[PDB]
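K.L.:
Quick one, upload-v9.txt (compact mmCIF, N, CA and C atoms and all ligand atoms):
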# COMPACT_ATOMS: atom_id res chain seq x y z
N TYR A 1316 239.04 63.46 -9.62
CA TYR A 1316 238.87 62.97 -8.22
C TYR A 1316 240.21 62.97 -7.47
N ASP A 1317 241.19 63.74 -7.96
CA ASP A 1317 242.49 63.93 -7.26
C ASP A 1317 242.31 64.98 -6.18
N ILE A 1318 242.31 64.57 -4.92
CA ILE A 1318 242.04 65.53 -3.81
C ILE A 1318 243.29 66.32 -3.46
N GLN A 1319 244.43 66.06 -4.12
CA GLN A 1319 245.65 66.90 -3.92
C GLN A 1319 245.82 67.92 -5.03
N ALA A 1320 245.09 67.81 -6.16
CA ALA A 1320 245.43 68.57 -7.38
C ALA A 1320 245.31 70.10 -7.13
N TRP A 1321 244.47 70.51 -6.21
CA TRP A 1321 244.24 71.95 -5.95
C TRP A 1321 245.55 72.65 -5.66
N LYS A 1322 246.56 71.98 -5.09
CA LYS A 1322 247.72 72.70 -4.58
C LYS A 1322 248.55 73.23 -5.77
N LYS A 1323 248.84 72.40 -6.75
CA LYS A 1323 249.55 72.88 -7.95
C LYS A 1323 248.65 73.85 -8.73
N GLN A 1324 247.35 73.61 -8.75
CA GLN A 1324 246.43 74.53 -9.47
C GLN A 1324 246.53 75.91 -8.83
N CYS A 1325 246.59 75.95 -7.51
CA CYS A 1325 246.76 77.25 -6.80
C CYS A 1325 248.14 77.83 -7.03
N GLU A 1326 249.19 77.04 -7.04
CA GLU A 1326 250.53 77.55 -7.33
C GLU A 1326 250.53 78.23 -8.70
N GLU A 1327 249.92 77.56 -9.69
CA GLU A 1327 249.83 78.06 -11.08
C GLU A 1327 249.09 79.39 -11.07
N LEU A 1328 247.95 79.44 -10.40
CA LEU A 1328 247.11 80.66 -10.38
C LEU A 1328 247.85 81.79 -9.67
N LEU A 1329 248.59 81.48 -8.62
CA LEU A 1329 249.41 82.52 -7.96
C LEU A 1329 250.49 83.01 -8.92
N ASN A 1330 251.10 82.14 -9.70
CA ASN A 1330 252.09 82.55 -10.72
C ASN A 1330 251.42 83.54 -11.69
N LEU A 1331 250.23 83.24 -12.17
CA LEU A 1331 249.51 84.15 -13.10
C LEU A 1331 249.26 85.48 -12.38
N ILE A 1332 248.87 85.42 -11.12
CA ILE A 1332 248.52 86.66 -10.37
C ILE A 1332 249.81 87.49 -10.26
N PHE A 1333 250.93 86.88 -9.91
CA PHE A 1333 252.22 87.62 -9.78
C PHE A 1333 252.65 88.23 -11.11
N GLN A 1334 252.28 87.64 -12.24
CA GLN A 1334 252.62 88.20 -13.58
C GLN A 1334 251.74 89.39 -13.92
N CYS A 1335 250.59 89.47 -13.27
CA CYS A 1335 249.55 90.47 -13.55
C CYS A 1335 249.93 91.82 -12.92
N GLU A 1336 249.95 92.91 -13.70
CA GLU A 1336 250.34 94.22 -13.16
C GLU A 1336 249.39 94.68 -12.06
N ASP A 1337 248.17 94.21 -12.12
CA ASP A 1337 247.19 94.61 -11.10
C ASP A 1337 247.54 94.00 -9.74
N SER A 1338 248.42 93.00 -9.66
CA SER A 1338 248.81 92.48 -8.33
C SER A 1338 249.90 93.27 -7.62
N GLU A 1339 250.44 94.29 -8.29
CA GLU A 1339 251.58 95.12 -7.82
C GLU A 1339 251.34 95.60 -6.39
N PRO A 1340 250.15 96.15 -6.03
CA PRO A 1340 249.96 96.65 -4.67
C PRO A 1340 249.97 95.55 -3.59
N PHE A 1341 249.64 94.30 -3.93
CA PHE A 1341 249.35 93.24 -2.93
C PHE A 1341 250.28 92.03 -3.10
N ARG A 1342 251.53 92.24 -3.50
CA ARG A 1342 252.55 91.16 -3.57
C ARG A 1342 253.15 90.97 -2.18
N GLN A 1343 253.35 92.07 -1.46
CA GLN A 1343 254.13 92.10 -0.22
C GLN A 1343 253.26 92.81 0.80
N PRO A 1344 253.61 92.75 2.11
CA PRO A 1344 252.84 93.46 3.12
C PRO A 1344 252.81 94.98 2.88
N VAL A 1345 251.77 95.63 3.37
CA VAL A 1345 251.68 97.11 3.37
C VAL A 1345 252.82 97.63 4.25
N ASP A 1346 253.73 98.41 3.67
CA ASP A 1346 254.73 99.17 4.45
C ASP A 1346 253.94 100.18 5.28
N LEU A 1347 253.94 99.94 6.58
CA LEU A 1347 253.32 100.79 7.61
C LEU A 1347 254.08 102.13 7.69
N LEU A 1348 255.29 102.23 7.12
CA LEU A 1348 255.97 103.55 7.02
C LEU A 1348 255.31 104.43 5.94
N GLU A 1349 254.77 103.81 4.90
CA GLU A 1349 254.09 104.56 3.81
C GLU A 1349 252.62 104.76 4.16
N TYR A 1350 252.05 103.89 5.02
CA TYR A 1350 250.62 103.98 5.40
C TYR A 1350 250.53 103.85 6.91
N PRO A 1351 250.89 104.92 7.64
CA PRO A 1351 251.10 104.76 9.08
C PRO A 1351 249.85 104.36 9.89
N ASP A 1352 248.67 104.62 9.33
CA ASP A 1352 247.37 104.31 9.97
C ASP A 1352 246.85 102.93 9.54
N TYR A 1353 247.63 102.18 8.77
CA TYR A 1353 247.05 100.97 8.14
C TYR A 1353 246.47 100.05 9.19
N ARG A 1354 247.22 99.77 10.26
CA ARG A 1354 246.80 98.80 11.27
C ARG A 1354 245.72 99.35 12.20
N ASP A 1355 245.45 100.65 12.13
CA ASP A 1355 244.29 101.28 12.82
C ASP A 1355 243.01 100.85 12.12
N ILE A 1356 243.11 100.53 10.83
CA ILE A 1356 241.94 100.18 9.97
C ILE A 1356 241.88 98.66 9.77
N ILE A 1357 243.03 98.03 9.53
CA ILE A 1357 243.10 96.62 9.08
C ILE A 1357 243.62 95.76 10.22
N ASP A 1358 242.80 94.83 10.66
CA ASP A 1358 243.15 93.93 11.79
C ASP A 1358 244.07 92.83 11.29
N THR A 1359 243.81 92.28 10.10
CA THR A 1359 244.60 91.11 9.63
C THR A 1359 245.17 91.39 8.25
N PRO A 1360 246.40 91.88 8.18
CA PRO A 1360 247.06 92.11 6.89
C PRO A 1360 247.14 90.76 6.18
N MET A 1361 247.11 90.86 4.85
CA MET A 1361 247.35 89.69 3.99
C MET A 1361 247.86 90.18 2.65
N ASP A 1362 248.63 89.34 2.00
CA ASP A 1362 249.23 89.66 0.69
C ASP A 1362 249.56 88.36 -0.03
N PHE A 1363 249.86 88.44 -1.31
CA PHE A 1363 250.02 87.22 -2.12
C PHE A 1363 251.31 86.47 -1.81
N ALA A 1364 252.35 87.16 -1.35
CA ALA A 1364 253.57 86.43 -0.96
C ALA A 1364 253.28 85.61 0.29
N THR A 1365 252.52 86.14 1.22
CA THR A 1365 252.12 85.37 2.43
C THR A 1365 251.25 84.18 2.02
N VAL A 1366 250.32 84.35 1.09
CA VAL A 1366 249.48 83.23 0.63
C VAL A 1366 250.37 82.18 -0.03
N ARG A 1367 251.28 82.57 -0.91
CA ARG A 1367 252.16 81.60 -1.58
C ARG A 1367 253.04 80.88 -0.56
N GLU A 1368 253.60 81.58 0.41
CA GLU A 1368 254.47 80.97 1.42
C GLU A 1368 253.65 80.01 2.26
N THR A 1369 252.43 80.35 2.60
CA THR A 1369 251.57 79.46 3.40
C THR A 1369 251.32 78.19 2.59
N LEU A 1370 250.98 78.32 1.33
CA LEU A 1370 250.74 77.17 0.45
C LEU A 1370 252.00 76.31 0.39
N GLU A 1371 253.14 76.92 0.11
CA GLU A 1371 254.40 76.17 -0.13
C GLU A 1371 254.87 75.54 1.17
N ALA A 1372 254.53 76.10 2.33
CA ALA A 1372 254.87 75.53 3.64
C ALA A 1372 254.01 74.32 3.95
N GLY A 1373 252.97 74.05 3.15
CA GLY A 1373 252.06 72.98 3.52
C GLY A 1373 251.14 73.37 4.63
N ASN A 1374 250.72 74.63 4.70
CA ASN A 1374 249.90 75.10 5.83
C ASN A 1374 248.51 75.52 5.36
N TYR A 1375 248.16 75.14 4.14
CA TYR A 1375 246.75 75.12 3.72
C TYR A 1375 246.32 73.66 3.64
N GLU A 1376 245.18 73.36 4.23
CA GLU A 1376 244.60 72.01 4.08
C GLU A 1376 243.73 71.90 2.81
N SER A 1377 243.14 73.00 2.38
CA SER A 1377 242.15 72.97 1.29
C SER A 1377 242.27 74.26 0.50
N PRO A 1378 241.76 74.29 -0.73
CA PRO A 1378 241.73 75.54 -1.47
C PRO A 1378 240.76 76.54 -0.89
N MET A 1379 239.76 76.14 -0.12
CA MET A 1379 238.86 77.07 0.57
C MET A 1379 239.67 77.94 1.54
N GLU A 1380 240.64 77.37 2.22
CA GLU A 1380 241.43 78.17 3.18
C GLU A 1380 242.26 79.19 2.39
N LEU A 1381 242.87 78.80 1.29
CA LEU A 1381 243.63 79.74 0.45
C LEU A 1381 242.71 80.84 -0.05
N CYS A 1382 241.51 80.46 -0.48
CA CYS A 1382 240.51 81.41 -1.02
C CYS A 1382 240.15 82.45 0.06
N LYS A 1383 239.96 82.02 1.31
CA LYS A 1383 239.64 82.94 2.42
C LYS A 1383 240.77 83.98 2.53
N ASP A 1384 242.02 83.56 2.52
CA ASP A 1384 243.14 84.52 2.66
C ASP A 1384 243.22 85.43 1.43
N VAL A 1385 243.00 84.95 0.20
CA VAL A 1385 243.07 85.82 -0.98
C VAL A 1385 241.92 86.82 -0.86
N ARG A 1386 240.74 86.38 -0.43
CA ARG A 1386 239.60 87.29 -0.36
C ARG A 1386 239.86 88.37 0.69
N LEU A 1387 240.61 88.06 1.73
CA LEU A 1387 241.00 89.02 2.78
C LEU A 1387 241.92 90.08 2.17
N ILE A 1388 242.79 89.73 1.21
CA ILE A 1388 243.57 90.77 0.49
C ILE A 1388 242.60 91.79 -0.06
N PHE A 1389 241.56 91.30 -0.71
CA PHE A 1389 240.65 92.22 -1.42
C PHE A 1389 239.80 92.97 -0.41
N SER A 1390 239.31 92.32 0.62
CA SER A 1390 238.47 93.05 1.58
C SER A 1390 239.32 94.08 2.30
N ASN A 1391 240.58 93.80 2.59
CA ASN A 1391 241.46 94.80 3.23
C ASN A 1391 241.56 96.01 2.30
N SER A 1392 241.74 95.81 1.01
CA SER A 1392 241.87 96.94 0.07
C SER A 1392 240.60 97.77 0.09
N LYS A 1393 239.45 97.11 0.14
CA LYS A 1393 238.15 97.80 0.12
C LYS A 1393 237.97 98.58 1.44
N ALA A 1394 238.38 98.00 2.54
CA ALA A 1394 238.25 98.65 3.86
C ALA A 1394 239.21 99.83 3.93
N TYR A 1395 240.39 99.75 3.34
CA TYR A 1395 241.43 100.79 3.53
C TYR A 1395 241.23 101.93 2.55
N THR A 1396 240.55 101.69 1.44
CA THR A 1396 240.47 102.69 0.38
C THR A 1396 239.71 103.92 0.86
N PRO A 1397 240.18 105.13 0.52
CA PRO A 1397 239.43 106.34 0.85
C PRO A 1397 238.33 106.61 -0.17
N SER A 1398 238.41 105.95 -1.32
CA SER A 1398 237.50 106.16 -2.45
C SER A 1398 237.29 104.87 -3.22
N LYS A 1399 236.08 104.65 -3.70
CA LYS A 1399 235.83 103.48 -4.56
C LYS A 1399 236.48 103.67 -5.92
N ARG A 1400 236.98 104.88 -6.21
CA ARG A 1400 237.65 105.20 -7.49
C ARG A 1400 239.16 105.27 -7.29
N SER A 1401 239.67 104.86 -6.12
CA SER A 1401 241.13 104.82 -5.85
C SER A 1401 241.81 103.88 -6.85
N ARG A 1402 243.07 104.17 -7.17
CA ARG A 1402 243.88 103.37 -8.12
C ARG A 1402 244.06 101.95 -7.56
N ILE A 1403 244.57 101.85 -6.33
CA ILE A 1403 244.92 100.52 -5.75
C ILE A 1403 243.64 99.71 -5.55
N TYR A 1404 242.55 100.30 -5.07
CA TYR A 1404 241.30 99.57 -4.92
C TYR A 1404 240.80 99.11 -6.29
N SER A 1405 240.90 99.97 -7.30
CA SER A 1405 240.42 99.63 -8.66
C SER A 1405 241.20 98.41 -9.18
N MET A 1406 242.49 98.34 -8.87
CA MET A 1406 243.34 97.19 -9.24
C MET A 1406 242.85 95.96 -8.49
N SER A 1407 242.48 96.11 -7.22
CA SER A 1407 241.96 94.99 -6.40
C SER A 1407 240.72 94.41 -7.06
N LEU A 1408 239.81 95.23 -7.55
CA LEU A 1408 238.55 94.71 -8.09
C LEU A 1408 238.81 93.90 -9.36
N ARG A 1409 239.73 94.36 -10.20
CA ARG A 1409 240.00 93.59 -11.44
C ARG A 1409 240.68 92.29 -11.07
N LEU A 1410 241.62 92.36 -10.17
CA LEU A 1410 242.35 91.16 -9.77
C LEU A 1410 241.41 90.19 -9.09
N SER A 1411 240.47 90.68 -8.29
CA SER A 1411 239.49 89.82 -7.64
C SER A 1411 238.65 89.10 -8.69
N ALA A 1412 238.20 89.81 -9.73
CA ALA A 1412 237.36 89.18 -10.77
C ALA A 1412 238.18 88.07 -11.41
N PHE A 1413 239.46 88.37 -11.69
CA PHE A 1413 240.37 87.39 -12.32
C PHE A 1413 240.52 86.16 -11.42
N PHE A 1414 240.77 86.41 -10.14
CA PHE A 1414 240.96 85.30 -9.19
C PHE A 1414 239.70 84.48 -9.11
N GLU A 1415 238.53 85.08 -8.94
CA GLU A 1415 237.27 84.34 -8.78
C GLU A 1415 236.97 83.53 -10.04
N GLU A 1416 237.33 84.07 -11.21
CA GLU A 1416 237.09 83.40 -12.51
C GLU A 1416 237.89 82.11 -12.53
N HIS A 1417 239.09 82.12 -11.98
CA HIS A 1417 240.07 81.02 -12.07
C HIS A 1417 239.90 80.07 -10.87
N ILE A 1418 239.49 80.53 -9.69
CA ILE A 1418 239.46 79.64 -8.50
C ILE A 1418 238.21 78.77 -8.50
N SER A 1419 237.15 79.19 -9.19
CA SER A 1419 235.85 78.49 -9.22
C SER A 1419 236.05 76.99 -9.54
N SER A 1420 236.77 76.67 -10.62
CA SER A 1420 236.98 75.25 -11.05
C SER A 1420 237.82 74.52 -10.00
N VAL A 1421 238.79 75.23 -9.40
CA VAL A 1421 239.69 74.61 -8.38
C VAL A 1421 238.85 74.18 -7.20
N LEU A 1422 237.95 75.02 -6.72
CA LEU A 1422 237.07 74.69 -5.59
C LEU A 1422 236.12 73.58 -5.99
N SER A 1423 235.52 73.69 -7.17
CA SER A 1423 234.54 72.68 -7.61
C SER A 1423 235.23 71.32 -7.67
N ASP A 1424 236.39 71.25 -8.34
CA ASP A 1424 237.07 69.95 -8.53
C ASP A 1424 237.45 69.39 -7.17
N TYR A 1425 237.98 70.21 -6.28
CA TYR A 1425 238.35 69.73 -4.94
C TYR A 1425 237.14 69.15 -4.21
N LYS A 1426 236.04 69.90 -4.16
CA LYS A 1426 234.88 69.48 -3.37
C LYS A 1426 234.30 68.20 -3.99
N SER A 1427 234.34 68.10 -5.30
CA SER A 1427 233.88 66.90 -6.04
C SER A 1427 234.75 65.71 -5.68
N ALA A 1428 236.05 65.91 -5.65
CA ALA A 1428 237.01 64.83 -5.40
C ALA A 1428 236.85 64.35 -3.97
N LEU A 1429 236.63 65.27 -3.03
CA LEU A 1429 236.42 64.94 -1.60
C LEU A 1429 235.11 64.17 -1.45
N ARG A 1430 234.06 64.60 -2.16
CA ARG A 1430 232.76 63.90 -2.07
C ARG A 1430 232.96 62.46 -2.57
N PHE A 1431 233.69 62.30 -3.67
CA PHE A 1431 233.95 60.96 -4.24
C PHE A 1431 234.71 60.12 -3.21
N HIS A 1432 235.69 60.74 -2.56
CA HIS A 1432 236.54 60.05 -1.55
C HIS A 1432 235.68 59.54 -0.40
N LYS A 1433 234.67 60.31 0.00
CA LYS A 1433 233.84 60.05 1.20
C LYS A 1433 232.58 59.27 0.82
N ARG A 1434 232.43 58.89 -0.45
CA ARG A 1434 231.22 58.17 -0.95
C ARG A 1434 231.13 56.82 -0.24
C1 LIG B 1501 253.81 97.97 -4.08
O1 LIG B 1501 252.91 97.72 -3.03
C2 LIG B 1501 253.46 97.92 -1.75
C3 LIG B 1501 252.59 97.24 -0.74
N1 LIG B 1501 251.19 97.60 -0.91
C4 LIG B 1501 250.67 98.67 -0.27
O2 LIG B 1501 251.37 99.49 0.30
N2 LIG B 1501 249.31 98.79 -0.30
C5 LIG B 1501 248.39 97.78 -0.85
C6 LIG B 1501 247.14 97.70 -0.01
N3 LIG B 1501 246.51 99.02 0.07
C7 LIG B 1501 245.28 99.20 -0.44
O3 LIG B 1501 244.58 98.26 -0.74
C8 LIG B 1501 244.72 100.54 -0.72
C9 LIG B 1501 243.47 100.92 -1.10
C10 LIG B 1501 243.53 102.29 -1.37
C11 LIG B 1501 244.78 102.68 -1.13
CL1 LIG B 1501 245.50 104.11 -1.23
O4 LIG B 1501 245.56 101.63 -0.72
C12 LIG B 1501 247.41 99.99 0.69
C13 LIG B 1501 248.68 100.12 -0.14
Kindly return the structure encoded in the file as structure tokens.
Ligand SMILES: COCCNC(=O)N1CCN(C(=O)c2ccc(Cl)o2)CC1

P.N.:
Amino acid sequence: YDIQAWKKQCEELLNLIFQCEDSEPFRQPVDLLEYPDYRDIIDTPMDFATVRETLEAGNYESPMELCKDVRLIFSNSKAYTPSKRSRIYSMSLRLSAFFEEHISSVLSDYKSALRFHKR
């Protein structure tokens, strides 16, 4: 019932994601010099360094907001990919499965703790 615990749980999970080779494409923003059409396709860039900085700045109120930005990393990869068999997109799908496997308990515990708080 700790309604703050999600923040360190997310820091920990971001540390695991940064250790994961599959996060290599989405640590930093897309260099628009290497992908000159990126912003023609993607309205809202997102990456894991931006998510970590937002968290560490105290600019997430809940793990749902962090989850929305991480999911945007993955949806951007899916929107930008020329092929469902692309290397970078394939890395996104594995990393997404990993993230969803790990974030589920963080969301559940937070929502449970908030419900207890508001009982
Ligand atoms: C080392 O990483 C540098 C920053 N990352 C980066 O440039 N990109 C990651 C995002 N992205 C894609 O999701 C994608 C799908 C299919 C193809 Cl190709 O790319 C475009 C490439």

K.L.:
Counting only N, CA and C atoms and all ligand atoms, what are the residues of chain A within 5 Å of ligand LIG 1501 (chain B), and for each of them which pair of atoms is the nearest and at what distance in Å, to one decimal? Sort the table by chain and rising number, as CSV.

P.N.:
residue,atom,partner,partner_atom,distance
A:1339,C,B:LIG1501,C1,4.1
A:1340,CA,B:LIG1501,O1,3.5
A:1341,N,B:LIG1501,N1,4.7
A:1343,C,B:LIG1501,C3,4.7
A:1344,C,B:LIG1501,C3,4.3
A:1345,CA,B:LIG1501,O2,3.9
A:1346,N,B:LIG1501,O2,4.3
A:1391,C,B:LIG1501,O3,4.8
A:1392,CA,B:LIG1501,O3,3.1
A:1395,C,B:LIG1501,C9,4.4
A:1396,CA,B:LIG1501,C10,3.5
A:1397,N,B:LIG1501,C10,4.8
A:1403,C,B:LIG1501,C9,4.6
A:1404,N,B:LIG1501,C9,4.1

K.L.:
Residues near residue 1367 of chain A, anyone? I mean within 9 Å using only C-alpha atoms, not counting same-chain ones fewer than 6 positions away, as a list in words.

P.N.:
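Near residue 1367 of chain A, the qualifying residues are residues 1325, 1326, 1329 and 1381 of chain A.
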
K.L.:
Provide the atom C of residue 1317 of chain A to atom N of residue 1374 of chain A distance in Å, to one decimal place.

P.N.:
16.8 Å

K.L.:
In Å, rounded to a single decimal, give me how far atom CA of residue 1377 of chain A is from atom CA of residue 1428 of chain A.

P.N.:
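Interatomic distance here is 11.7 Å.
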
K.L.:
Just to confirm, what's the straight-line distance from atom N of residue 1321 of chain A to atom N of residue 1371 of chain A in Å (one decimal)?

P.N.:
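Computed distance, atom N of residue 1321 of chain A to atom N of residue 1371 of chain A, equals 12.5 Å.
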
K.L.:
Point out the residue among A:1380, A:1327, A:1355, A:1368 with the least atom-to-atom distance to residue 1394 of chain A, counting only C-alpha atoms.

P.N.:
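Of the candidates, the smallest distance to residue 1394 of chain A is held by A:1355.
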
K.L.:
Considering only C-alpha atoms, can you say which of A:1426, A:1433, A:1354, A:1383 comes closest to residue 1320 of chain A?

P.N.:
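Of the candidates, the smallest distance to residue 1320 of chain A is held by A:1426.
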
K.L.:
Excluding residue 1410 of chain A and its own-chain neighbours fewer than 4 positions away, which residues fall within 8 Å of it when counting all atoms listed in the file? Please give them as a list in words.

P.N.:
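Residues meeting the cut-off are residues 1332, 1337, 1338, 1389, 1404, 1405, 1406, 1414, 1415 and 1416 of chain A.
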
K.L.:
Determine the nearest neighbour of residue 1318 of chain A from the options A:1336, A:1384, A:1429, A:1434, counting all atoms listed in the file.

P.N.:
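The shortest atom-to-atom distance to residue 1318 of chain A comes from A:1429.
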
K.L.:
Need the shell around segment 1417-1421 of chain A: protein/DNA/RNA residues with any atom at most 8 Å away, counting all atoms listed in the file. Skip same-chain ones fewer than 4 positions apart. Format as JSON, numbers by chain?

P.N.:
{"A": [1320, 1321, 1324, 1325, 1328, 1378, 1379, 1382, 1411, 1412, 1413, 1425, 1426, 1427]}

K.L.:
I need the alpha helix (DSSP H) residues of segment 1363-1432 of chain A per DSSP on the backbone, written as a PyMOL selection string.

P.N.:
chain A and resi 1363-1371+1378-1395+1402-1432

K.L.:
Step by step, gather every atom of segment 1424-1429 of chain A that the file lists, find the box along x, y and z that holds them, add 8 Å on each side, and finally give centre and edge lengths in Å to one decimal, as AutoDock Vina command-line options.

P.N.:
--center_x 236.1 --center_y 67.7 --center_z -5.0 --size_x 20.5 --size_y 23.1 --size_z 23.1

K.L.:
Given the choices A:1360, A:1402, A:1373, A:1408, which gets closest to residue 1387 of chain A if the distance is worked out from all atoms listed in the file?

P.N.:
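Ranking A:1360, A:1402, A:1373, A:1408 by distance to residue 1387 of chain A, first place goes to A:1360.
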